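This document opens with one chain alone, in structure tokens, the form deposited in one PDB entry.
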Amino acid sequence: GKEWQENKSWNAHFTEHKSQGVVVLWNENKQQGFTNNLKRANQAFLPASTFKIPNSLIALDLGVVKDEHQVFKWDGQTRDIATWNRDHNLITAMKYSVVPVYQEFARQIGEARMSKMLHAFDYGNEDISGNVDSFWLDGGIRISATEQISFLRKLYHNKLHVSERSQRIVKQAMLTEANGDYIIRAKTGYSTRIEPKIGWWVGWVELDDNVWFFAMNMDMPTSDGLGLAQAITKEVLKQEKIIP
């Protein structure tokens, strides 16, 4: 069959949740892509907290993060997300999307190494313009759903230009769901500082005999629907019989 196939029926899952957006799927065995919107699949947005994936990789590879157990002490500044107001390691910082910990990583990485690593990763537009500690939230960096899939496929295969160890640790930190039928490794992101306000969910589904990569973004008028990126993606995964 064709390399990319458009399936507009997935739009019903967006419409149900009063949104619009794109889901991109990649069948690794068959080397075939599926999307409800070919053009939005290639439209580039701020990555927001999906940037915690490359940020983690670079921080581990440079020794800014020694391992997934190293504690990053709360700076003692009360923020609006309760789970951020405590000590974190890489596992909990990824799980609760703890921006302050990743802002500290970014400052220690520095502009020069951050720029060189994103170039080596071929990551989105590779543009870190703005604050070294906020550019993925309100700076110049842009990435499309298809570019997220290209990056994730390299991570899955340990083909990024960082140690095998760095890639294994980040894939561990990405763990979201597992049962006897499937494993999901993924990262949410909510781009709310600059229009258009969007939610991301990017990662993959590990089956016994295949991997399905996914990258989705949706218009997100308010953070009321934080759970929606996952709920919409799962409706598409269920329709395509990837998960029960």
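Position 1 is the first residue in the sequence shown; the rest follow in order.
This next part talks about the form solved in complex with a small molecule, which is not shown.
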Checklist line | 27, 30 and 209 each touching the small molecule in the deposited complex (heavy atom, 4.5 Å) | finding: yes
Item checked: Which of 53 to 61, 200 to 208, 66 to 74, 36 to 44 sits within 4.5 Å of the small molecule in the deposited complex, heavy atom basis -> 200 to 208
Note to self: Please tell me whether any heavy atom belonging to residue 8 falls inside 4.5 Å of a heavy atom of the small molecule, as the geometry stands in the deposited complex.
What the structure shows: no
